[PDB]
Every structure is written in C-alpha cells, then in structure tokens.
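# Structure for this input, please:
(chains A, B, C, D and E)
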Amino acid sequence: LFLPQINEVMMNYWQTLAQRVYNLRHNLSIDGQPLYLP
Amino acid sequence: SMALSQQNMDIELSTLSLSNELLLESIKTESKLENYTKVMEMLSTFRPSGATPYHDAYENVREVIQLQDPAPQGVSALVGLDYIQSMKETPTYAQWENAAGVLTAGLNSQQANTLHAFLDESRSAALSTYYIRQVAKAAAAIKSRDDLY
Amino acid sequence: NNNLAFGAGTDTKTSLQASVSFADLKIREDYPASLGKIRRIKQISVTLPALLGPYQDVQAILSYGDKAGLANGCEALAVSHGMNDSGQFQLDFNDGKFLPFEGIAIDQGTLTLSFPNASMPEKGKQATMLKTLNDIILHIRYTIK
Amino acid sequence: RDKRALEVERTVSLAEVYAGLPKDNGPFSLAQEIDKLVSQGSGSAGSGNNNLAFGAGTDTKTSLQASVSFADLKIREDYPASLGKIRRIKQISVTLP
Amino acid sequence: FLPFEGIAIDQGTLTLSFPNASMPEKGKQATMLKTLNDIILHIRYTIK
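Numbers count the residues shown, from 1 in each chain, chains lettered A, B, ... in the order given. And now the structure:
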C-alpha cells in the first residue's frame, strides 16, 4: 500500500502568501523588483 | 518475486543485462545446474550446431586482450592459457574465470564499461539463441529471436 | 533614493542593486522649458564599460521603482551584451510595440539596476567582473513632446 | 496573458561545461579528448548525459556527437528566481573557433 | 518559430554532431576537428 503525495498547490498558497507579504514588508513590490514609492 | 526497493527503482542498469539475467535463470531452470557459472561455463562450453558453442569467459578474457594491443600474476593467468603458442592450454572454465576476472579487476572504468558493452551484447546473442533451440517450450511457437522478445 | 545597496528580496540577497533617482538627473534643465512641457522616455540603453572576457556576458536588469504605466509598471530591461544595448534582441523602433520605459515622465520615478550573484563572501559569478567594471553609462532617449 | 518578456543572451562554452563536471561524471579537457577520438576509431568521455561519443546510427557510425545536458548548465542560477519562473530559449547559435 | 524556441532551459539534452569525423575510416572533418579548440554556444532565452 502506497502513501499519498504532499499536494503542493494547496501548500503553494501558503508559501506564495509568505512570499507576497515578505515582498510587502521589505518594500519589494510584486516580483522581487524593488520599488521606491512616494 | 520482484522487489519494490528504492534500489530497484533508481540505479540505472544497462538493459540487455536484466534480460541476460532472465535468460540465465530460464536456462538454469532446466537441467538444474549448480550455479550460473555452470550454465555459461557448461552450456557456453560445448554446445554445437550454433554460435552457442562460444564460451562466455573466453569472451571476457579475449576482451582483456581487446583492451591492450599485445602484476605478473595475471600475466601468469593469460600465459596460463596458450592462445598464440602451445595451441590452447585447455584450462578449465574455472581458471578462465579467475584469469579474465583478475585481468579486468586492474582495468579502467570506461574500458570496463565498453567490456560490459561487447560482453553483454555477445552473451545476449548466445543466451538468446540457445534459449531458442532448447529451453523454449514447444507449446509456445517460438522460432525467431524476435518472437522470443 | 540614490543608494547602492544589496537586495533584500528572498532571491537576490546577493544581487547588487544600484538605484538612481531621476529627480537628481535634472534632465528638465538640459533644455529650455516651454520648448515642451511633457518630456517622456523613448527607451533606455545601458553600457557597462568593464572587462568581460570571452566568453562571458554581464547579467543585470533595470526595474523601475514607482508607478507610471506600461505593463503593471513592471518592465525589466535585461542587460546582457553589456555594450550599448537594450533588453530587445533586435532593437527597432516603429515596430508597433512600446519599448520598455517608454512613457516615463523624466522627473518622477526611480531607476534601479541590479547585478545578480554579486557578493563574493557567498561565492558569486559576477564578483570578479563587478570588481573590474568602472562605471555605468545609461543612454536615455526621451522625446520632448 | 502575453507580457513583454525580458530577453537574456548567455554564452556557454562547452570546454568549461565538461571540465566543471563533478569527478563521478568524468570531467575532461575537450580538445585533448576530441583529438583522441578522431585520432582513434571510437571511445567516449563524460557521464551518460554529458558524454562525447561516436554515433550509433546506421549512417553516422563515423559522425562524432558531443552531447550536453542542460541541467548541468545551471542557467536557472544565472539570475534570481522569482524574477521569472518560466525561462525558455529564444534560439541557439554555435561558434566553432 | 526559431529552432529550439520554447525549450525550457532545465529539462532536455543538447547534442552536436560533426559528420565524417573518425580518421581511421577516412573522414573529411578529421583534420579540422583535431584543430578546433572548443565549442561556444550562444543561448538566448527570454525570461517570461
């Protein structure tokens, strides 16, 4: 009997939220491309 | 009987070897030999009417020779037989086994590959053909080597 | 806004990013005023005089750090060739397609340029050349409308 | 769904590729190796996917074929990630100095 | 499309074949292939 896989995409939600937010706190915009905003 | 060990799912075997194992086992199934080396030694030793008469270890040692244009111990194994002088010494396939094996154990990795190449190919040819003429059950029409595949 | 810093992004802790405010290029004063009040970039090319040896290509990109327009306000220009180049393979005007940065008012905004894999202590492919490169030349073409 | 996709151009030399291989894959000088192979009848260098071998096709027993895995060009690491996850060849040119 | 346009830059394998190389069986390119130093490949891969 063989064990199931980890189901990325649903985790992909977590790590993509962590990514977005990290990019907000560090002022990095939507990609890592940095921004200098007014 | 196959094992689902990860080892079986990763390490990349040259095929035409896995097959060769299949054929050695299918051969040993009949006549109940004491080891595979008795199947290649024995069957490959004297088996007339086809290329099957060819011996395996003779191919493994002649492949060492293939390795060089022309420890002294191994030289006492190859001089232990007599291909170019004294006809054929007729050493037993045992002394062939130690001779060829010793001669390879001191041989390079890439040339070890190509010797698995030629060795495995020819050994596949003989084991195939012999599996055709005998050990192939007459119930399945078998005939050509492809229909064996 | 003019600093030369290392990058804070997840990827690009090593990438060295060198950012230039436009408001300090005072491009509005390289002509009279009243000749054209709206002044807007046609494109930007980058020259990285340096010894990049055969066979090696510089790696860098040009963000833009503020809100203008174009595509999501995000258009990189990936500097590779290193000599007087743009992110386009075969560059041509009148193509039908906007060139990256076309439309940026030449006052507002911030222009940053990032060499990836710069920092030497954590081994980096561009550390050497980036030691060798003298300075950055940017060729701006801005049509005065 | 179509955004302007930033173009990168990256030279790669095969000498460096084959030399840079880990020992298990049998890294090798390209010049010496090639000259050996043409000098003799056959032989190869290199790992299974990076090797430089002679061809096994009916035509091309003589044709010398030198094969480079991409996974060892590590092109994904010549830029940050997250800059673009999909990275796709525009074309390939070859220079044979 | 240009040839190879669309290849992901990880997966795959890239091979390059000089015909008529091997000298023992006489071959038009044996000589030059002795002389050629090494191969340079210029890849242009658009990051989307």
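# And the residue of chain B closest to chain C?
Using Cβ to the nearest Cβ, the single residue of chain B nearest to chain C is residue B:110, 29.0 Å away. Using the backbone N, CA and C atoms, a C-beta is placed for each residue, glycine as well.
# looking at this, that residue is in a helix?
Yes: under DSSP: H, G, I helix; E, B strand; the rest coil, residue B:110 sits within a helix.
# what about it, how many neighbours?
When neighbours are counted by other Cβ atoms under 10 Å in any protein chain shown, residue B:110 registers 14.
# Who are the contact partners of it?
Under the criterion of Cβ atoms under 8 Å, 6 or more residues apart in numbering or on different chains, the contact list for residue B:110 reads D:26, D:43, D:44, D:45.
# roughly how far apart are the residue sitting nearest the centre point of chain A and chain D?
Nearest to the mean C-alpha position of chain A, counting by Cα atoms, centre = their mean, stands residue A:16 at 2.2 Å. From residue A:16 across to chain D, the span is 11 Å (Cβ to the nearest Cβ, to the nearest Å).
# what about dumping the CA coordinates of the one helix or strand that residue maps to to CSV?
Secondary structure assignment for residue A:16, by DSSP states H and E: helix A:8-25. In CSV, the C-alpha atoms belonging to helix A:8-25 read as follows (Å, rounded to 0.1, in the frame of the first residue of the first chain):
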residue,chain,number,x,y,z
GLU,A,8,1.8,21.1,-3.5
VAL,A,9,-0.7,23.6,-4.9
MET,A,10,-2.6,23.9,-1.7
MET,A,11,0.7,24.5,0.1
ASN,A,12,1.7,26.7,-2.8
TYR,A,13,-1.0,29.0,-1.3
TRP,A,14,0.9,29.3,2.0
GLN,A,15,4.3,29.8,0.6
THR,A,16,3.0,32.3,-2.0
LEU,A,17,1.3,34.3,0.7
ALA,A,18,4.6,34.3,2.7
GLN,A,19,6.3,35.4,-0.5
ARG,A,20,3.9,38.3,-1.3
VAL,A,21,3.9,39.5,2.3
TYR,A,22,7.7,39.3,2.6
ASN,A,23,7.7,41.5,-0.5
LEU,A,24,5.4,43.9,1.2
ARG,A,25,7.3,44.2,4.4
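# How about it and chain C, touching?
Yes: between helix A:8-25 and chain C, judged by Cβ under 8 Å from any Cβ of the partner chain, the touching residues are A:19, A:22, A:23.
# tally of neighbours for residue C:78?
For residue C:78, the number of neighbouring residues by other Cβ under 10 Å comes to 25.
# Okay, the closest residue to chain D within chain C and chain B: tell me how far apart.
Ranking the residues of chain C by distance to chain D (Cβ to the nearest Cβ) places residue C:11 first, at 3.7 Å. In this structure, residue C:11 lies at 30 Å from chain B, with Cβ to the nearest Cβ as the measure.
# tell me the contacts of that residue?
Residue C:11 touches A:32, D:80, D:81, D:82, D:83, counting by Cβ under 8 Å, 6+ apart.
# since we're on the last one, how many residues are nearby?
Residue crowding around residue D:83 was assessed by other Cβ under 10 Å; the count is 22.
# Quick check: which element contains it?
Secondary structure from DSSP H and E places residue D:83 outside every helix and strand.
# Could you do residue B:116 as well?
Here residue B:116, judged by DSSP H and E, is contained in helix B:109-133.
# do the same with residue B:54
Using DSSP H and E, residue B:54 falls outside every helix and strand.
# Apart from its neighbours in sequence, what residue is nearest the residue of chain A found nearest chain C?
When you check chain A against chain C by Cβ to the nearest Cβ, the closest residue turns out to be residue A:32, at 3.3 Å. With Cβ to Cβ, 6 or more residues apart in numbering or on different chains as the criterion, residue A:32 has its nearest non-adjacent residue at 3.3 Å, and that residue is residue C:9.
# Would you map the helices across chain D?
With DSSP state H, the ranges of helices along chain D come out as D:14-20, D:30-39.
# Which one, of those, ends up nearest to chain B?
Taking Cβ to the nearest Cβ as the measure, the helices of chain D were each checked against chain B, and helix D:30-39 came out nearest at 11.2 Å.
# how about the CA coordinates for that closest one, as CSV?
In CSV, the C-alpha atoms belonging to helix D:30-39 read as follows (Å, rounded to 0.1, in the frame of the first residue of the first chain):
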residue,chain,number,x,y,z
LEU,D,30,37.6,18.9,-24.6
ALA,D,31,40.5,19.5,-27.1
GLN,D,32,42.6,16.5,-25.9
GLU,D,33,39.6,14.2,-25.7
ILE,D,34,38.2,15.2,-29.2
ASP,D,35,41.6,14.8,-30.8
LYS,D,36,41.9,11.4,-29.3
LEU,D,37,38.5,10.3,-30.6
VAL,D,38,39.1,11.4,-34.1
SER,D,39,42.6,10.1,-33.9
